[PDB]
Amino acid sequence: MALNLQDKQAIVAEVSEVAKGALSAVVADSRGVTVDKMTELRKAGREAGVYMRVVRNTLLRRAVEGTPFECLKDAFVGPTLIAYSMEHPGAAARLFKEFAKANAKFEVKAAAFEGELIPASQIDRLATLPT
Amino acid sequence: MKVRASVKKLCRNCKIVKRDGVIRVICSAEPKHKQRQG
Amino acid sequence: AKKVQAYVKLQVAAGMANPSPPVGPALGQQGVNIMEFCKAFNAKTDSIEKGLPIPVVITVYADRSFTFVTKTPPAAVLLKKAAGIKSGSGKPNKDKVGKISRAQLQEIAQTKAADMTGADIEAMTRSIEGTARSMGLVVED
Amino acid sequence: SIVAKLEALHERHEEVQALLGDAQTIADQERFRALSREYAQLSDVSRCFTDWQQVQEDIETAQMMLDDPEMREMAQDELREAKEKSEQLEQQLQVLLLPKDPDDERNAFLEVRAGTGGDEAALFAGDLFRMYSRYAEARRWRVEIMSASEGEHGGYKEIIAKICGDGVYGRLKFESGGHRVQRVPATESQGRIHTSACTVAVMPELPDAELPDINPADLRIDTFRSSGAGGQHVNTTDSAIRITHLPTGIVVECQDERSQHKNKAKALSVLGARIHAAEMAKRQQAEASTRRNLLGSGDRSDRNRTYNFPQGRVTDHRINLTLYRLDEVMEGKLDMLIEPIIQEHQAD
RNA sequence: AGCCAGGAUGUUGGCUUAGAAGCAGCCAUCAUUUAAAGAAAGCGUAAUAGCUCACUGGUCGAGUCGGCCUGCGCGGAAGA
């Protein structure tokens, strides 16, 4: 694995994407298939393009290192595998419910849809999004 | 089993043991890579 | 969406009905009959064009038939009627075989996007242009 | 002819296509080579035969259809398509009649020998040297006289000649055999047609890969005591060497001199001489067993070519050609005799 | 270092149209999705399919992996 510069550049890029970010969700592909990647990141390319990072680097000193600068309450997401997925266009877009809808679609475990913190909420199935 | 004088790690699963002073190269994957004194 | 059971992607150009010399027993290795690849193989071939190698799914079930969704033919067999020359690589950089420009491959590239996986048209475009460059063709940018 | 040969090839192609899809054959590589030859031949055959059948139908129907003009114009268009299809069939026959094999590219040795009637053979064999020299200087071949035994009233009795280049044997395969002579000769006062014959052998290069290694790892060297007389030393020491080959079974025994190294030198030189003798004897037997099959007894019998001079005819027994020239044949230009024999010999 | 995963759609790619198709030999050794992927290091197939490693994630959580200079040793080192 590379040295301090590459990991620090990746974490700073993640912080800069959070600073222009929106509502996010959780996913845990412990048994993940590339066909499922070709549904979610195909959806990401369908929305606008390449920008959305699905970066799965939830070690307790890597993604939690960027937590005291943005969204400190996500320090409890430090335990077992969570992959973040931010949103640059649109306040509270429809990508939050799609993980729960594709949870029955060959994606057996999906981090129990505990979600992320626009109202600083908990595990919730929320269809109340601006459409 | 191979009884050569020069021994090297053939595959990735080769292991250097010093059984009874005799240097042996054991392999858990392939039985053919196990060999005598080195 | 089940995992890998029996499907492969191999057949020659679809204008040849029931190709017994080229493929032969490779399509008849399982319980699927040879007659299944002459009668139901031309239900989609006659819709667009005959004579282009188009892969199709061969997922064999135990109910004597097989489901299939037809894919996109590759650019290797596509650069014979839309490139002029019928030859290709073997001497890629030692001599220049032929040249296409960006405005043709970029126009053909989004028509093949029904099977390709890309976030943008330009990414799949430059992918197809690099695949065309791999035969020694020099793109005119 | 070629139409009877092409139909059997198309039937073998249709049989191999059905046998390929049966999936009951374990070996498939020779079947795939047969399918490659079938894809080379039967596609052009099914093009040319169907085009010729449609052309013959559109000709024979519109030639006598109540003397119409529109049917005549349709038959004229079908005749233009027939000329195009005949050019395509000639191109397909020229492609199928191509010598792909590299054994056809080799040089050759021509052996023109006299048969019945010595004086006639001498006149004839000298003229056949003239005939293939004329043929050879047209395509730019090198002609060298290796051996030529003269006759009595001119000509030569036996001619062995190397012709080198690129593709002599593959173009001159079908010339080994006999040649009739019907002539009014210069040695005959009476003026009655006579029959004379000459035999021509065509041999390939067969380049000499001689002197294999002595292989001392394969030599069994038995250094044992010698029989005979001379000294106490002979009894004490061996001074006799027997060396045997494993792959050929040649045994050489040397008991000549005192030291074994002089004996080692003789017991290797005699091995080399006996290897050279046993290999050149097999090579000369392989030459002779093929020459006795190519060259016949030398009689007036039919051997594939008959030449008629007072009638003006050249009639060969294979591919019955009826060329009435004998003036564009006597000065080179042997393409029309050699080419269709190749065309319907590579059909098999 | 071990452990639950991934390790892609055209690549049946043009080649000597019999097939060499990630892995006989030719050369090109692209480019996308990207936590990551060499158009491939090995096994296995007529070629596929398939199995691992490259590498990247997570549990884990303290030091570990590979070259060089030498001293003394090991084996090769079996006779009547």
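Readers should treat all values here as calculations from the given coordinates under stated rules, not as data from a laboratory. Counting neighbours? That spans all protein chains shown, and the Cβs are built from the backbone with ideal geometry, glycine included.
Between residue D:233 and residue D:11, 0.36 nm times their residue separation minus their Cα-Cα distance comes to what?
Taking residue D:233 through residue D:11 to full extension adds about 71.7 nm, to one decimal.
Loop by DSSP (not H, G, I, E, B), at most 12 other beta-carbon atoms within 10 Å: where is the longest site-free stretch of chain D for chymotrypsin sites (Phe, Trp or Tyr not before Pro)?
Between exposed loop sites, the widest span is D:1-223.
What's the exposure ranking of D:254, B:14, going from fewest to most Cβ atoms within 10 Å?
B:14, D:254
When the Karplus curve 6.51 cos²θ - 1.76 cosθ + 1.60 is applied with θ = phi - 60°, which whole-Hz ³J(HN,Hα) does each residue of region A:5-22 get, with x for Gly and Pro?
So the Karplus estimates, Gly and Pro as x, are 5, 5, 5, 5, 5, 5, 6, 5, 5, 5, 5, 5, 6, 5, 5, 10, x, 8 Hz.
Return the FRET efficiency for the residue pair residue D:214, residue D:27: r is the Cβ-Cβ distance, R0 is 30 Å, and the value is rounded to the nearest 0.05.
According to the calculation, E is roughly 0.15.
Give the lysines reachable from residue B:18 as a straight Cα distance under 20 Å; neighbours fewer than 8 places away on the same chain don't count.
B:2, B:8, B:9, B:32, B:34
Could you work out the longest stretch of chain C that avoids the trypsin sites (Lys or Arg not before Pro) located in DSSP loops with at most 15 other Cβ atoms within 10 Å?
Numbers: sites that count: C:2, C:3, C:9, C:39, C:50, C:64, C:71, C:80, C:81, C:86, C:94, C:96, C:99.
No qualifying site falls inside C:100-141, the longest such stretch.
Run a plain Debye calculation on chain D (Cα atoms as equal point scatterers, no solvent) and give log10 I(q)/I(0) at q = 0.06 Å⁻¹, rounded to two decimals, same order as the q list.
Results for chain D at q = 0.06 Å⁻¹ read -0.44.
Tell me the angle of helix A:34-47 to the major Cα principal axis of chain A, expressed in degrees between 0 and 90 and rounded to the nearest ten.
The two axes meet at around 90 degrees.
Do any GluC sites (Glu not before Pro) in region D:86-156 lie in a DSSP loop with no more than 15 other beta carbon atoms within 10 Å, and if so, which?
D:152
So the label point goes 7 Å from the Cα of residue A:81 along Cα→C-beta, right? Which residues of region A:89-116 then have their backbone N under 17 Å from it?
What the label zone holds, given the 17 Å backbone N cut-off, is A:103, A:106-114.
For a distance above 25 Å, tell me the whole-number percent of Cα pairs in chain C that qualify.
40 percent
What per residue convex hull volume, in Å³, do the alpha-carbon atoms of region D:213-348 yield?
Taking the convex hull of the Cα positions in region D:213-348, it is 218 Å³ per residue.
Quick check: the distance between the Cα centres of region D:68-97 and region D:255-280, to the nearest angstrom?
73 Å
Binning every alpha carbon pair distance of chain A at 10 Å from zero, what are the percents per bin?
Whole-percent P(r) values from 0 Å outward: 11, 44, 38, 7, 0.
Expressed in nm², what is the orientationally averaged projection area of the convex hull enclosing the Cα positions of region C:72-141?
Hull-based average projected area comes out at 4.5 nm².
Report the rotationally averaged projected area of the protein assembly as shown based on its alpha-carbon convex hull, in square nanometres.
61.4 nm²
Excluding residues on the same chain fewer than 8 positions from residue C:3, give the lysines whose Cα lies under 29 Å from its Cα.
Correct list for residue C:3: A:37, A:43, A:97, A:101, A:105, A:109, C:39, C:44, C:71, C:112.
Set the Förster distance to 60 Å, then compute FRET efficiency between residue C:87 and residue D:256 from the Cβ-Cβ distance, nearest 0.05. Mind dumping the intermediate values first?
Working: r = 70 Å, r/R0 = 1.17.
That gives a FRET efficiency of 0.30.
Give the order of C:116, A:52 when sorted by the count of other beta carbons within 10 angstrom, beginning with the fewest.
Details: C:116 14, A:52 24.
With the fewest neighbours first, C:116, A:52 line up as C:116, A:52.
Hey, how many Å between the Cα centroid of region D:290-313 and the Cα centroid of region D:139-218?
14 Å
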